[PDB]
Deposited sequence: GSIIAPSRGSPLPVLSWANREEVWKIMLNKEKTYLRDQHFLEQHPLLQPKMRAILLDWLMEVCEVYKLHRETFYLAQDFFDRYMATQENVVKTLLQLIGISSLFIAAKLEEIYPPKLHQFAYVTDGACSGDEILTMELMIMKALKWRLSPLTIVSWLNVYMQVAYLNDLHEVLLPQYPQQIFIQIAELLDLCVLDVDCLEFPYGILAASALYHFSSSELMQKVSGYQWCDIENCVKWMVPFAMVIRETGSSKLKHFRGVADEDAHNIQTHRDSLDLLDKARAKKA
């Protein structure tokens, strides 16, 4: 819904750039966000979501899951909660782990087995409960499990740049988005805007507009909101691209990593 947004996609041999871009734009019109969904769950507090999302991120690193798998789980969780009411703290771990289970099954070629998802809960969630919850989430989402995640938008933008060390820049911008996503207020902004604003903080308005099509006016508010987060990241130095056994060097940037971002989130909000 951004009348001032241009199309940054280069000419493509495999398809019509206009139709490719249009499908990407229409996703934001099917997959909604509600930064106030926790108001439907009075016994929940925003920090709980940050803690849950940070833990799933650490699960992802341990099993070397892809960044897309983590962001699919985050989008599934946030969209699912928006359809529910009066959920309590003791059920979040199961909702989160089942969201990751669905995500891993969709995105990984050889996903971890269900018993491994139960294992990481350390006796808190059984396999039968995850099987029950996955069906609950999928039906409540009306089986719409193909959004354009925050991190998938980063890949679109960085691919437009490359087709005009990119891996290290990607994981550094990804690290900033990983921090921002822990704050439920990030849902005020379209996933595409969040990705463009994080990229802007590691680049320029000119590159941002070239790779995303957004004008400065469309990202300014997100950019202002993201300011504290970009600053705590810049202050500590950004992380370095890591190597993963069994993962090809060409795909290493797409593997989810984890750092102690909960202390960074506090400093940023301060």
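The deposited sequence has C-alpha coordinates everywhere except the stretches 1-3, 168-176, 283-285.
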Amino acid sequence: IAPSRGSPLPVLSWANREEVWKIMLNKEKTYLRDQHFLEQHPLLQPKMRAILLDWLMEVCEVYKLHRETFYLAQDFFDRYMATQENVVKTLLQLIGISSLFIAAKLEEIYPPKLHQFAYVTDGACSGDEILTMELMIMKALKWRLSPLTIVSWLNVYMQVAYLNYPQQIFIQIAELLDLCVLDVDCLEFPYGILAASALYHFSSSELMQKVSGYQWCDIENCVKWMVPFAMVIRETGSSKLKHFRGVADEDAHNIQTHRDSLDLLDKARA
From here on, numbers count along this sequence of modelled residues.
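The term rigid core refers to the most C-alpha atoms you can superpose between the two forms while keeping them within 1.5 Å.
Remark: when the other structures in 7 other deposited structures of this protein are fitted onto this one via the rigid core, 165-173 deviates more than the alternative among 79-87 and 165-173, judged by RMS CA distance. Core-fitted comparison in 7 other deposited structures of this protein shows that, between 155-163 and 120-128, the CA atoms farther from the shown form belong to 155-163. For the pair 51-59 and 241-249, the mean Cα B-factor is higher in 241-249. Averaged over Cα atoms, the B-factor as recorded in the entry is higher for 123-131 than for the other of 195-203 and 123-131.
Within the group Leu177, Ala118, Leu72, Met158, the record's highest C-alpha temperature factor is found at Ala118.
The PDB entry gives the largest Cα B-factor of the residues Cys186, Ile137, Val88, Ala104 to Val88.
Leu44 sits in the highest third of its chain by CA B factor, as recorded in the PDB entry. When the CA B factors of the chain's modelled residues are split into thirds, the value for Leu100 lands in the lowest one.
Annotation for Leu65: C-alpha temperature factor in the lowest third relative to the rest of the modelled chain, per the entry. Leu94: CA B factor in the middle third of modelled residues in this chain (values from the PDB entry).
For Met208, the recorded CA B-factor ranks within the lowest third of the chain. Only modelled residues enter the ranking.
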